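Working notes for the structure below.
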Amino acid sequence: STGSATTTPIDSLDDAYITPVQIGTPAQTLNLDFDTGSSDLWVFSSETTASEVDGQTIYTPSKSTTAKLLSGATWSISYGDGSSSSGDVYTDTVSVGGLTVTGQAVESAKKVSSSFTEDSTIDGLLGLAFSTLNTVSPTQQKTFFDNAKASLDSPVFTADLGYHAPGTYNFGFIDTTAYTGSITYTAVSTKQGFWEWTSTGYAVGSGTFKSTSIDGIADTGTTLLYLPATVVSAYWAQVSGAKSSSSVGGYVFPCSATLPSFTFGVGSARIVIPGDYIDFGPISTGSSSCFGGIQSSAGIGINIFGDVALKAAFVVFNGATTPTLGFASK
């Protein structure tokens, strides 16, 4: 089997991407944030504290003939941005882009933090990191991809995120029309539960390439590119007037600037992020200070190849026995 679903930016800045997901019988379609940096599929639901729901579409398991309470199971998750959610668990039929899993753990939120409430466009998350990170207790549950894997034509999914445009998540096949040149594959460590890999270096604009190993994670659920402070300083030094602002919470730059590109290495191959991808607009409405899309990972504890980086590439998440990551230009 295979699946193919369009993923759509939630706003004009590409702050996140939503993908329609069918849950239950008859189908209930929720728009979920596909997140290769976590491993829980959770949804706004009929169980969610009413004051914490503001415009989201909810899953109502009592209206699904295939929903079953997973008795005794609970979940609770905290994300890198400090947001969180928790609740109990149903199993139900879940389909993405034509690909159907029966008996998928659907984690129903009883509580969500303010960040989730305040974002009316995201109805939940669908985690695509390794199932070892799944938070369901006392019986850990598998991700959608792990449940689908054995039925897939090939044990892979691909992320093809758009810049200010829709893109695609495919399951079970590699669309050879969706990228240019060849795909370069690189080793993955699953020791932390992430799609963790090592970039071979970087360049700023038309500058020379710096060969240096940068360990990080391929994370579709993170907006920006978070790299070591050395790398990030080198980038923003090429933008006149750019500075790190502790009051804003990262690098800002004059909105009048033209941003240079940023290149990252994948083995001997090179992925170029155009400068426009690194512009996240005014820090507040009407401001002439703009927020940068490349930020320091110092104090996160991990480097994150988030959407800013991933949307410049066609990315293969290879879930074979020995997992690997593939990157192509497009």
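Here the Cβ is made from the backbone with ideal geometry for all residues, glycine too, and neighbour counts use every protein chain on show. The values are calculated or read from the model by the stated rules, or taken from the named source; nothing here is a laboratory result.
Details
- Residue that is surrounded by the most Cβ atoms within 10 Å (Cβ to Cβ) [pool: residues in segment 240-263 that are hydrophobic (A, V, I, L, M, F, W, C), more than 25 Å from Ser329 (Cα to Cα) and in contact with a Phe, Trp or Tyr (Cβ under 9 Å, 6 or more places away or on another chain)]: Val252
- In segment 109-142, residue surrounded by the fewest Cβ atoms within 10 Å (Cβ to Cβ) [restricted to those that are in a loop (DSSP other than H, G, I, E, B) and more than 19 Å from the chain's Cα centre (by Cα)]: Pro138
- Taking the criterion of being of a type in the set (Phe, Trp, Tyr) and either closer than 30 Å to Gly250 by Cβ or without any contact (Cβ under 8 Å) to a residue 60 or more places away in the chain (or both), the residues of segment 75-96 that qualify are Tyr79, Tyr90.
- Where strands (runs of 3 or more DSSP E) sit wholly within segment 269-330, those with at least 1 residues that are over 23 Å from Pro254 (Cα atoms) occupy 269-273, 303-305, 314-318, 324-328.
- Residue in segment 177-191 that is among the hydrophobic types (A, V, I, L, M, F, W, C) and touching a helix residue (DSSP H, G or I) at 6+ places or on another chain (Cβ under 9 Å) present: no
- Scanning segment 19-51 for residues being free of Cβ contacts under 8 Å to residues at least 40 places away in the same chain and on the phi > 0 side of the Ramachandran plot gives a total of 0.
- Residue within segment 200-218 that is under 24 Å from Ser12 (Cα atoms) and either in the same structural domain as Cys290 (by CATH) or not in a loop (DSSP other than H, G, I, E, B) (or both) present: yes
- Residues located in segment 284-322, provided they are touching a helix residue (DSSP H, G or I) at 6+ places or on another chain (Cβ under 7 Å) and either basic (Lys, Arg) or within 22 Å of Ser233 (Cβ to Cβ) (or both): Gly292, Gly293, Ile294, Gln295, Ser296, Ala298, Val308, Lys311, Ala312
- Close pairs from segment 308-329: first closer than 15 Å to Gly265 by Cβ, partner of a type in the set (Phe, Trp, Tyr) and in a strand (DSSP E or B), Cβ under 7 Å, at least 6 apart: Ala309/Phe264; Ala313/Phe327; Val315/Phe327; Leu325/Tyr185; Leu325/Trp197; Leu325/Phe317; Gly326/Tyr185; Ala328/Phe314
- Filtered by the rule that a residue be farther than 29 Å from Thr190 by Cβ, surrounded by fewer than 24 Cβ atoms within 10 Å (Cβ to Cβ) and not β-branched (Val, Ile, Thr), segment 23-51 gives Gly24, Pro26, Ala27, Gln28, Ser46, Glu47, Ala50, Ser51.
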